[PDB]
Amino acid sequence: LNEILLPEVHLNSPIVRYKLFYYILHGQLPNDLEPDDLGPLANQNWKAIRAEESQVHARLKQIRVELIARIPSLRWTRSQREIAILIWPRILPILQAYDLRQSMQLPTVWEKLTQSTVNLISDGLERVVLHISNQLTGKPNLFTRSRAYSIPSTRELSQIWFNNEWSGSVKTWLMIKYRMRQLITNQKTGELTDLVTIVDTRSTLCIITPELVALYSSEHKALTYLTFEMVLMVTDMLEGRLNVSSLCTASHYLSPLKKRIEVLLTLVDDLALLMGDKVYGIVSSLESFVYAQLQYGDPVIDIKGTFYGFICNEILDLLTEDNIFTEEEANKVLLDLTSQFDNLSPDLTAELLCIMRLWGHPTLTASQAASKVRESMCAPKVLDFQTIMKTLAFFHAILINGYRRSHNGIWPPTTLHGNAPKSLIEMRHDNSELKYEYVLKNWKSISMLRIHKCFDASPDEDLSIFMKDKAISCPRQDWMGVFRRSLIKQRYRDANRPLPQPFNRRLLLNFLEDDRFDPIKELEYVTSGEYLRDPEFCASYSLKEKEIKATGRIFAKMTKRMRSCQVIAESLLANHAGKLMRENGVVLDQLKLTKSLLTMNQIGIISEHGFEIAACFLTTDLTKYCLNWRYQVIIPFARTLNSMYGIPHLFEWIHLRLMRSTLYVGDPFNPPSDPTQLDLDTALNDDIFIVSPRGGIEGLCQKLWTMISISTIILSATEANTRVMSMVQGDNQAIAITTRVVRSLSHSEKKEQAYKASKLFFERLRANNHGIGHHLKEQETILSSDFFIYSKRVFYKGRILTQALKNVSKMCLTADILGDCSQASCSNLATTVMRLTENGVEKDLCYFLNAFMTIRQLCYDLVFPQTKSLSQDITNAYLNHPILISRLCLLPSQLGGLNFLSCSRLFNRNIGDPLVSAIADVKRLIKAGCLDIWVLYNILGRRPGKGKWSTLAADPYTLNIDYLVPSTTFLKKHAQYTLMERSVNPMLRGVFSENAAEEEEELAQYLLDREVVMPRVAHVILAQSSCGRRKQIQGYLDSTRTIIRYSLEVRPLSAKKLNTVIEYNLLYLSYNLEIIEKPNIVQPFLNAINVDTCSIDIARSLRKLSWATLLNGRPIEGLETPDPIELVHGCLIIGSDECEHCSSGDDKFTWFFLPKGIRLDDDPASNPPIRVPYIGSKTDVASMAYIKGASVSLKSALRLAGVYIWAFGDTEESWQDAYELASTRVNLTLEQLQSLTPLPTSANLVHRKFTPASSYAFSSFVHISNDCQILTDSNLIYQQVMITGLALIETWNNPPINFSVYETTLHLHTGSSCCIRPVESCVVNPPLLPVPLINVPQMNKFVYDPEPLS
Ligand SMILES: [Zn+2]
Ligand SMILES: [Zn+2]
């Protein structure tokens, strides 16, 4: 079992300083730590602690005596020796000193294997991309126009990735991490022998232990100790540095950033050595300085350089805070730090926000983390009553207006106070729109307005909320169980009290193993006030991982009942009250969100092609808002929400419970300093305790706070008589103040006028925020006439800045997920490469990088085996033949390979048929020479796998090939099944059944075993049926690492299952060895397929032979979709050129036009008019009866019936067959089912954070016209063609290029192509099989509704 629950490969936990201190002091390791540094650990009785844990102490003593023997000088005390013991933050400038190059062969073998494999496919990939450019533009310089400098191929990429700086460091820390993970795994199994590893490299001695490593560098005479989390963090940071430096070296776009990033890294490493853990304040100041430098180019003189100067002052304060540097040294350091950000384009100035994670993370202490929140929270705060009531009145107005525009424009049930004026009387009587200008006046009457019950909201409305695992704290009596037993044993022995019981329960497991669960009775915990009277309640903080800022270093955890009430209340707020606010543009659809943000940023840019429209953008972060929320400023809003929802007392729970409870920071190695503090309630407001908190907690009750902030923003906007559009995000907000200026004014003067108009709004907003208790400092406020910040992305002058280096920094050598398969890692690398394509990096370079890192990952997995195997035949066969490695890496993942990035994926996110794209890629590789035609013949002639009807129906477009599903998803499904099997919750009484797989197989066979097989129709019908609903509910579980471990423990895997999960990688490699080794003998009729055959025909034939066992010769219809690159034969027209396809026969094309004279980040009058580009089209029914408030079951049944009738026929027998599959989810009869069913024609057949598809730099000025074309598959095809054309236009002028001196026209002639085929459907398809006996959860509300109509 321990071979699956391997130690994590990447950092996921905070670095605890006291853990390392505990390990160092346990074995009496040499150190120069002051008594103040040790904190509470100095007064611990280490004799007893060493008496226990004797294996740990024995290992530590062994490494100590090895250190003494190797370095005799370490015995000297009082720091009179020449060797200095350094803790993690002070070893940054000496990371390159640790080499271990000798007595280390695995990294060298890995590098040699990667080079040998890459050397075989570089030219083929160059030919592939050349052919792609020739086919998509008609010219061979599509990808090389912006660079022509130097074109990096795959071999060049490998050379500059393995030969640059940090490469040796990455190899030596990868070996160290691998050895330490091996030692940890051995220790878990109880081997107890040879658990100390010594490498003893010349000038660098490293000793590896399952607990910590001891690294000594002779060149610098510095010895350091690193725990496992520290080692993971160091190797992750080194890998990120390697990726960033190599990408800067490779891409011409990021070339200027290389030297600046290197100089910044060196400067901050020296600063870290000189300072300690206080250099991460400087790192955060640099994070803010990126935006300060962005604001330095603002046209307005009054707003240019303010943030720059403030951030410089903050950096100087941080530098001179502890008197490490004098004024002149701090000034020189500041100048050196700032000189790396000057003379950079706005895109690059935002791609220096990648270096935040490049210096690791600070060593956290519970006391320091608690100090910040205790300073912010638990503080007196004076609040303005008038501001509170004005905000409440505008809250009422916004809620009323949001209830209007829906519900037939009818006012909610409201009660008017006695001093409402006649105008309010008539407006309530009339039910007209409450004008904000009207609400500003008579605010005393708009307030004191009781809004009665509006929604019949039910806590159990959403089921997915209850299925998400959340951390839950121990009761108030076991609050000391979080700390290590060794540290608290002496305290509990002195006090003569029993040791606290460790707490390991989870919220998800408590919910699932709850016999009597009901949200109606669960909310009574808060409604009846039992939470205030609960003595067991205990809320505690815990250190947050991968956090460098002082704020947000802790996240809180609460008891099971309180957490359940919190999630129920948040869901209640978001479902009904949250939807009423449309003043902010937040939507659950990302496409609409980015369109709204693009329009908001493009408000200010108006071209010459009266009074124009001008915008000034204001962005403020709300991270510190949670600690500053007070009960008095939220009581009226929450009271009105209570009245609206009908629950007498549901909200205001966080503050009321917090003022009566004592909070603490729970860290296993950070016990309270005072050994006499054995109880939480009587603790003092110091150390790790936060006595009587009066503020909020981050994330908790975020919806109410966001609505209050929206009301405040609206109030401020109306107070200054300025038009704004808010976009509050919870942790951030962006405001665009709108004003009307003269058209003839110069752009600088229009911006000045906009800023002058926005000054009053900003003053009113600051005054209102101060009134409600949120003081706005210069840190929070960034005023810019060009850009605003949303979702950590900068919207600069109608674009979105790239930040591709931030994406490339997290491209590591192994997925942190459980299975750790080669396929999962390759998929992660491909996803990161897709992000790089979207974020401005060269598409050709991204393709080469994806191939190179796929090869590198496979070589790493081959030469760094996670689990030792008795038979190494497969591993040796792959290691000795790099051509096999190349063939496997270049083969698409749909055919069994590890190439998860298709050629067409480089241009459009949406892919119709993955198999067609895979076939097109294989044909391209065969034409270039990367692969061989006999590989394609072997794939065509491959023996069908062990597939059933269920796998064909559940996941269409997939061939019958074994080992296409990684062991990771198998582990996730096993965890979900184990959770379902032991579940006893009433809400899931009938979800789980033992014959679920049999029922799914029978239904899939019924839907598929017909005259014509329709995998999409079967997939949709299965998903919308009862069994599909049960599968969805079972898949609602999160299946985290803890959940997977619990499932493996309570339900152990069989020996055969254990072995196959362990050796999935070797089994997959051996399975693909049958096709990537030698030309197999295939059937003679397969020779008809050639490299010139259309990918659609090849895909149809491959699906026919692959599923030959299941179908016995029947063809598969409804899946094929043209490959976007192969479908279109584009031509680019520059100046006097003409389209060859237009002049020769073809007359179908998608017209793309780019005007001339465009210059980004320049005068808006000069360039052609700007507009929101085409980012995509989502779902957008004419049913006989428009049922309002229809349940999910009713909609699912209606869609199932419609799809069945549309696909299998409109005969009465088909209607009876679909009646059963509809009645498995509703209680309709045939007549109501037929009447209520939507129109059964043109079935969509569609079924299954902020990542924009592009920067939209040059796609905003483009002109499109699809008039000369035919025009829901055709709509998807045309949308894909449009997106591909936009991507082609964008890559024609890469982010290195910012001007277009000539007008360009793109045609993308989709005609005269073999992939265009007529679409035929709606034929008669008799069932051919009796309808299976389906068990339906009649009593379950979330699957079946006995009353689907009112
Ligand atoms: Zn043309
Ligand atoms: Zn074709």
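Residues numbered from 1 in each chain as written, not as in the entry; some residues may be left out. Chains lettered and ligands numbered in written order. Heavy atoms only, no water. Residues with missing side-chain atoms left out of burial classes, pairs and counts.

What the deposited record gives as its method is cryo-EM, and the resolution it gives is 3.01 Å.

As recorded in the PDB entry, the protein chain goes by the name RNA-directed RNA polymerase L, listed as coming from Mumps orthorubulavirus. The record lists its title as "Structure of mumps virus L protein (state2)". Taken directly from UniProt, the Subcellular location text for the protein chain runs: "Virion". (UniProt positions renumbered as here; feature names shortened; annotations may be inferred.)

J.: Would you mind showing me how to read the overall build of the protein chain here?
T.: In terms of helices and strands, the protein chain carries 52 helices and 22 strands. A globule of 1350 residues ought to have a C-alpha radius of gyration of about 34 Å, and the protein chain, at 33 Å, matches this closely. Oriented by its inertia axes, the alpha-carbon framework of the protein chain measures out at about 90 × 90 × 70 Å. (Helix = DSSP H or I, 4+ residues; strand = E, 2+ residues; numbered from the N terminus. Rg over C-alpha atoms; globule rule 2.2 N^0.38 Å.)

J.: For this particular structure, what's the right way to read the domain arrangement of the protein chain?
T.: When the parts come together, some accessible area is lost, and that loss is often what is quoted as the size of the interface. Assigned domains within the protein chain: domain 1 (267-343) and domain 2 (1124-1179 + 1248-1306). Here domain 1 and domain 2 have C-alpha centroids that lie 42 Å from each other. (Domains from an automatic or database assignment.)

J.: Quick question: what am I supposed to make of the sheet that holds strand β3 (residues 204-208) here?
T.: If you trace the five strands from one edge of the open sheet to the other, you get β1-β5-β4-β3-β2, paired in mixed fashion. Single-partner strands in this sheet number two, and they are β1 (84-86) and β2 (197-198). Looking at chain direction, strand β4 (residues 212-217) and strand β5 (residues 222-227) are connected through six bridges and run antiparallel. Across the sheet, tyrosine 216 pairs through a bridge with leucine 223, a residue of β5. (Pairing = 2+ DSSP bridges.)

J.: It is not clear to me how the pattern of salt bridges should be interpreted in this structure. Could you clarify?
T.: A side chain of one charge can pair with a side chain of the opposite charge when the charged atoms of the two come close. One pass over the full model with this rule turns up 43 salt bridges. Among the salt bridges present, the one from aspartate 277 reaches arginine 17, with a minimum N-O distance of 3.9 Å. The exposure class assigned to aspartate 277 is partly exposed, which follows from its relative accessible area of 22%. As a salt-bridge pair, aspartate 921 and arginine 924 come within 3.3 Å of each other at their nearest N and O atoms. In this pair, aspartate 921 and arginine 924 are both assigned in helix α35 (residues 914-928), three residues apart and thus about one turn of the helix distant. Taken together, the salt bridges that share partners define one network made up of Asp921, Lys923, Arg924, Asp1123 and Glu1126. (Salt bridge = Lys/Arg side-chain N within 4 Å of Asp/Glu carboxyl O. Buried < 20%, exposed > 50% of the residue type's maximum accessible area, 1.4 Å probe, protein only.)

J.: Whenever I open this one, α35 confuses me. Can you help?
T.: Three- or four-residue spacings in an α-helix give side chains the same orientation, since the helix completes a turn every 3.6 residues. Counted at 1.5 Å a residue, the expected span for α35 with its 15 residues is 21 Å, and the 21 Å between its end C-alpha atoms agrees. Summarising burial for α35: 13 of the 15 residues are buried, a large majority. Just downstream of α35, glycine 929 is the residue with a positive phi angle, here 125°. (Expected span 1.5 Å × (residues − 1).)

J.: Where do I start with the coordination of the zinc ion (ligand 2) in this structure?
T.: Perfect tetrahedral coordination of a metal by four donors corresponds to 109.5 degrees between them, and perfect octahedral coordination by six donors corresponds to 90 or 180 degrees. Every protein donor of the zinc ion (ligand 2) is accounted for by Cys1094 (SG), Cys1314 (SG) and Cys1315 (SG), and the metal-donor separations fall at 2.3 Å. The exposure class assigned to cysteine 1314 is partly exposed, which follows from its relative accessible area of 42%. (Donors = N, O, S within 2.8 Å, 3.2 Å for Na, K, Ca; no water.)

J.: Looking at this structure, I do not really get the environment of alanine 734. What am I missing?
T.: By the element assignment, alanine 734 lies in strand β13 (residues 732-742). As a C-alpha pair, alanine 734 and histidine 770 span 36 residues in sequence and 18 Å in three-dimensional space. Beyond its immediate sequence surroundings of up to four residues, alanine 734 is in contact with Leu618, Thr619, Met725, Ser726, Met727, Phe788 and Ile789. (Contact = heavy atoms within 4.5 Å.)

J.: What should I look at first to understand helix α32 (residues 843-863) in this one?
T.: Between its first and last C-alpha atoms α32 spans 30 Å; for 21 residues at 1.5 Å apiece the expected length is 30 Å, and the two agree. In terms of residue burial, α32 counts as a mostly covered element, since 21 of its 21 residues are buried.

J.: How should I be thinking about a positive patch on the surface in this particular structure?
T.: Together, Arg405, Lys579, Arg582 and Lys592 make up a positively charged patch on the protein surface. Residue classification places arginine 582 among the exposed positions, given a relative accessible area of 57%. (Patch = residues over 30% accessible without salt bridge, like charges linked within 9 Å, V, L, I, M, F, W, Y side chains within 5 Å. Areas by Shrake-Rupley, 256 points an atom, 1.4 Å probe, with all protein chains shown as cover. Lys, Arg positive; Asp, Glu negative; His and termini not counted. Charge placed at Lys NZ, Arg CZ, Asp CG, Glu CD.)

J.: Looking at this structure, I do not really get the environment of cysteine 701. What am I missing?
T.: Relative to the helices and strands, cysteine 701 is located in the loop between β12 (689-691) and α28 (702-719). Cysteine 701 sits in the buried class, given a relative accessible area of 14%. Separated by 75 residues in sequence, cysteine 701 and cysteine 626 have C-alpha atoms that sit 9.1 Å apart. The residues touching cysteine 701, leaving out its near neighbours within four places in the chain, are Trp653 and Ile654.

J.: Sorry, what's going on with the packing of helix α24 (residues 560-577) against α28 here?
T.: Describing two packed helices takes the angle between their axes plus the distance from one axis to the other. Following both chains from N to C, one finds α24 and α28 inclined at 45°, their axes separated by 8 Å at the closest point. As far as their axial angle goes, α28 and α24 are oblique. When α24 is examined against α28, the residues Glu570, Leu573, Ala574 and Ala577 are found in contact with a partner set consisting of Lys703, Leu704 and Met707. The residue makeup of the contact of α24 with α28, split by class, is five nonpolar, no polar and two charged. (Axes fitted to C-alpha atoms, helices over the stretch in contact; angles between N-to-C directions. Parallel < 35°, antiparallel > 145°, perpendicular 65-115°, else oblique. Nonpolar A, V, L, I, M, F, W, Y, C, P; charged D, E, K, R; others polar.)

J.: Would you mind going over the side chain of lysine 750 with me for this structure?
T.: Here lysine 750 lies in helix α29 (residues 747-771). On the basis of relative accessible area, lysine 750 is assigned to the buried category, the value being 14%. Discounting residues that sit within four places of it in the chain, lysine 750 has contacts with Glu612, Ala614, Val741, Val742, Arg743 and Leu745.

J.: Could you clarify how one ought to interpret the packing of aromatic side chains in this entry?
T.: In this description, a pair of aromatic rings is defined by centroid distance and the angle of the planes. One pass over the full model with this rule turns up 40 aromatic pairs. Ring centres 6.2 Å apart and planes at 85° place the aromatic pair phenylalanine 162 and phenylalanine 852 in the edge-to-face group. Under the relative-accessibility criterion, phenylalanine 162 is labelled buried at 8%. Centre to centre, the rings of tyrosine 178 and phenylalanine 864 are 5.1 Å apart; their planes meet at 85°, and the pair counts as edge-to-face. Of the two residues, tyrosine 178 and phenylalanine 864, both sit in the buried class. Aromatic rings pair up to connect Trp110, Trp161, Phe162, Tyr178, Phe852, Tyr860 and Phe864 into one cluster. Stacked on the ring of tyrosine 296, the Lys or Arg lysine 304 has its end atom at 4.1 Å from the ring centre. Note that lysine 1341 overlies the ring of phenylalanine 1342, its terminal NZ or CZ placed 4.8 Å from the centroid. (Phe/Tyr/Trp six-rings, centres within 6.5 Å; stacked < 30°, edge-to-face > 60°. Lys NZ or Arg CZ within 6 Å of the ring centre and 35° of its normal.)

J.: In this structure, what is going on with a nonpolar patch on the surface? I would like to understand it.
T.: Together, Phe1299, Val1301 and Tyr1302 make up an exposed nonpolar region whose accessible area comes to about 310 Å². Note on placement: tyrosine 1302 falls in the loop between β21 (1299-1300) and β22 (1304-1306). Using a relative accessible area of 54% as the deciding quantity, one classes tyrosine 1302 as exposed.

J.: When you look at the sheet that holds strand β8 (residues 540-543) in this model, what are you seeing that I'm missing?
T.: Backbone-to-backbone hydrogen bonds join strands into a sheet, with any given pair of strands oriented parallel or antiparallel. The four strands are arranged β9-β8-β11-β12 in an open sheet whose pairing can be described as mixed. Here the strands that pair on one side only, and so sit at the sheet edges, are β9 (554-557) and β12. For this sheet the average axis-to-axis angle between neighbouring strands, irrespective of direction, equals 25°. Sheet analysis places β8 next to strand β11 (residues 662-665), joined by two bridges and oriented parallel. Bridging from a neighbouring strand, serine 540 pairs with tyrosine 664 of β11.

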